[PDB]
């Protein structure tokens, strides 16, 4: 199935996966009745108040230091994939290849220099460290310091900011903390999935708080529902992996409420696609699918990063997303040492991941 197809076609196709959607609460079911005073629909739903099974956080069944290695892997791996993927950014697939951390790209970078993907992730991480929660205003203030002053840049300048992210910061500055926008489908770009890892690390003990922070962090700049929901799905993948699940378990279908194109990624439709069916465009759905595909089709972190980066086009975003997933799966201790050695500010990025990891609040109860 081609995820670019119209949602009518996709939703009819997706009916084979109805078991992946949580059942209505009894109250929401009542609101879907033709006449709620003469109900017609099954009344067996749980109270709207009550915790659904798909939000029961699977326990961490690996040692704490191993989970920490995966959380470090998720955030450092993001930066590593960013630094490698930028090399082939905007080039047609297979015109050139990349096999190492070499810099270059459109921004003529030194090896190990990462771009806006990592800048935005560090802004998010620092806002969690300061606030003890997701604070969209603080997150936006940190992004503005990056944008206007080059804070949290690999080379001292903001250089790769996307148009949608820029619009959001300009509108926040003009209209203040209540501004939300970029809702239209042409704004369903990659900027939020490529910075997701800090949310999943901080919320590693709670699927519900991961769910609630993942769309919210997207909304700091991107309110397209496919961006918001893609962050929620990626956030759950990272939660499963940081808490020690196998790749097969993490990449199996999960019960969760998702719009149809992310539902089909959840259902595993990418698993048997060939490389010439995978797109590395600026569309969030393409990028998420491509990153799941790259991790599914390789066996170590090195190979996952290069398979993503060599897709070309928006190679940066698929590699940064792959780096989060592969980094959580394989762990920081399985990222190539020469890449860690070249990665700019690697020690700082590792320490922020570690800080987020230990600050992670307990599950609510």
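Positions refer to the first chain, counted from 1.
Averaging C-alpha B-factors over each stretch, which comes out higher, 1-9 or 356-364? The stretch with the larger average C-alpha B-factor is 1-9.
Averaging the C-alpha B factors as listed in the entry, name the stretch that ends up higher: 189-197 or 263-271. The deposited B-factors put 263-271 ahead on the C-alpha mean.
TODO: Among 42, 327, 52, 312, single out the one with the highest C-alpha B factor in the record, please.
DONE: Reading the PDB entry, the winner on C-alpha B-factor is 42.
Problem - 210, 155, 86, 119, ranked by C-alpha B-factor: the highest one - result: Top of the list by C-alpha B-factor: 155.
Lowest, middle or highest third - CA B-factor, residue 318 = It belongs to the lowest third of the chain when residues are ordered by C-alpha B-factor.
*Sort the modelled residues of this chain by their C-alpha B factor and say whether residue 278 lands in the lowest, middle or highest third.*
Its C-alpha B-factor, which the entry lists for residue 278, ranks in the lowest third among residues of this chain.
Can you tell me whether residue 249 has a C-alpha B-factor in the lowest, middle or highest third compared with the other modelled residues of the same chain?
Middle third - that is where residue 249 ends up once the chain's C-alpha B-factors are sorted.
Split into thirds by Cα B-factor across the chain's modelled residues, where does residue 133 land: lowest, middle or highest? According to the entry, residue 133 has a C-alpha B-factor in the chain's middle third.
- Would you mind checking where the Cα B-factor of residue 173 ranks among the modelled residues of its chain, as the lowest, middle or highest third? Highest third of the chain for residue 173's C-alpha B-factor.
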